[PDB]
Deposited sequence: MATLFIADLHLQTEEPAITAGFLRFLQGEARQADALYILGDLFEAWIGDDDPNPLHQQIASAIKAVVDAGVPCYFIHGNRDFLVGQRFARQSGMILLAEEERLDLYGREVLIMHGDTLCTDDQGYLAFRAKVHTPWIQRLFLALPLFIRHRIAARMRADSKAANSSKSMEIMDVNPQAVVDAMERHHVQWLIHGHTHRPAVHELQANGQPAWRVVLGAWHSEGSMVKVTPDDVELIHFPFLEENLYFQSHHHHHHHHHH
């Protein structure tokens, strides 16, 4: 089986999500044929030289999955688009493009983060075009770390003071790649949408964000599974209910 996760939005202020991800990496992920992380692994990223200890803890845990024989892949999200080759080397992850076509046990599957499908949010698309401009990225990454931190903290507060996908963009993407299956995240609306692409039925599978519990897509030769699970091992106990 091949696993897909996304939108964990890991951050030191949310240690429960981190604990749930580490348990996932130590258990479920060790049995997979491959693990794909479709963006927004971290709530924020300002460059691979960031000494944030969470980054090294996550890198080491993913690297242990890679060392256990499970190749791990990463497509950038809108939050962590600055994840680069240094962190890829530290984690053992392979960085992929914003769109990839996979062959999963015979079925062709398109994967992406999903933010490029929200073509109706012109405000976000302007921000995305800005921070994806290569000379702007190089200029920001050259700034001192403490300056990048203050910029990011202010820009996050400015944003606090998610649009769904455009149906035709979905069709266009699935017909550009000639697939009947699409997996993405970003929208935080886990679902399986049926549609038509290339004159045949097609399905758009959406991952969930790790807010209260975990979420993953498991692809087997026989089916596609959208699975919700708790962060930690909920040890069962009994309460003496009465008839």
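Comparing the deposited sequence with the modelled residues, the stretches lacking C-alpha coordinates are 1, 163-170, 253-259.
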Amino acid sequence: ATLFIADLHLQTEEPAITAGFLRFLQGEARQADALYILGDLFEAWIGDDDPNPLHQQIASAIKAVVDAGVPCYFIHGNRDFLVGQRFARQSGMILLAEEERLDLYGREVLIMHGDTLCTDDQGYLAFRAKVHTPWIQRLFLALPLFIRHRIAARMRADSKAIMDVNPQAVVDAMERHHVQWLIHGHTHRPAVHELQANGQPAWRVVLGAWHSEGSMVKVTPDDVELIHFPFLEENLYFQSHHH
From here on, numbers count along this sequence of modelled residues.
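C-alpha atoms forming the largest set that superposes within 1.5 Å between two forms make up the rigid core.
Structural divergence in 8 other deposited structures of this protein between 97-105 and 122-130: following superposition by the core, 122-130 has C-alpha atoms lying farther from the shown form. Looking at the other PDB entries for this protein, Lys160 is absent from the model in a third or more of those that include the residues around it. Per-stretch averaging of Cα B factors for 40-48 and 171-179 places 171-179 on top. When the C-alpha B-factors of 211-219 and 197-205 are averaged, 197-205 comes out higher. Of the candidates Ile151, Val165, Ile136, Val109, it is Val165 whose Cα B-factor is highest according to the PDB record.
In this structure the maximum Cα B-factor among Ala126, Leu141, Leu96, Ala88 is found at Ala126. When the modelled residues of the chain are ordered by their C-alpha B factor, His132 lands in the highest third. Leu82: CA B factor in the lowest third of modelled residues in this chain (values from the PDB entry).
Annotation for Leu232: C-alpha temperature factor in the highest third relative to the rest of the modelled chain, per the entry. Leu104 sits in the middle third of its chain by CA B factor, as recorded in the PDB entry.
The entry lists a Cα temperature factor for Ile75 that places it in the lowest third of the chain's modelled residues.
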